[PDB]
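Quick setup: one chain, the form deposited in one PDB entry, written in structure tokens, and binding and motion questions come after.
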């Protein structure tokens, strides 16, 4: 019944876990808090404003490794950043669908800027350091998305090792492959690689 930001958003995240992104409405949020719809409207205008606040709040509560610890290799920052980002997207139902559907904040802009400054200090062109950051992102996003949504011979043995883990092993493997693809490009420079 206390109707400020933090309580509105607390309750919205609790509901998202019950209903998912599609089943989340202003009407249902209002009932959960035990108030009238016009009352909520004063605080939260529409579904779109609610999702944008939620996207941002998920990352703020849980993407705890968004920026590099002092004197860490870029490889290691890309790695821990990917892991942290995946975990935060996984802490809530349809988390990745919530993140996808929003344009970035200015909190975000300051971070992408700080991370993009990091990457260049370790010798990336701007182009490349951003292509790097974006590939890690994209890869991490598709992987989380498939995990969150969900017989021939060799398949049968592969489909096994998918369903022994929760999806972490494949993600972490493909991750290292990506990072190492970048080293080999960074190190190359202006030779034929």
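Residue numbers count along the first chain shown, from 1. Think of the rigid core as the biggest set of C-alphas that the two forms share within 1.5 Å after superposition.
J.: Please say, as none, 1 to 3, 4 to 9, or 10 or more, how many residues of the deposited sequence are without coordinates in the interval between residue 150 and residue 151.
T.: In the record, 10 or more residues between residue 150 and residue 151 lack coordinates.
J.: As stated in the PDB record, which stretch has the larger average Cα B-factor, 107-115 or 85-93?
T.: So the stretch with the higher mean C-alpha B-factor is 107-115.
J.: If you average the CA temperature factors as listed in the entry, which stretch comes out higher, 58-66 or 138-146?
T.: Averaged over C-alpha atoms, the B-factors run higher in 58-66.
J.: When the modelled residues of the chain are sorted by Cα temperature factor, does residue 133 land in the lowest, middle or highest third?
T.: CA B-factor rank for residue 133: middle third.
J.: Sorting the chain's modelled residues by C-alpha B-factor, tell me whether residue 167 ends up in the lowest, middle or highest third.
T.: For residue 167, the deposited C-alpha B-factor lands in the middle third.
J.: Comparing against every modelled residue in the chain, figure out the third that the C-alpha B-factor of residue 155 lands in (lowest, middle or highest).
T.: Its C-alpha B-factor belongs to the highest third of this chain's values.
J.: Give the position of residue 35 by CA B-factor within its chain, expressed as the lowest, middle or highest third.
T.: Middle third, going by the recorded CA B-factors of the chain.
J.: Ranked by Cα temperature factor within the chain, is residue 123 in the lowest third, the middle third or the highest third?
T.: It falls in the bottom third of the chain.
If you look for the form deposited in another entry, you will not find it shown, but the lines that follow are about it.
J.: Please look at 102, 75, 120, 84 and say which one has a C-alpha shift reaching 2 Å or more between the shown form and the other one, core superposed.
T.: None of the others reach 2 Å, which leaves 102.
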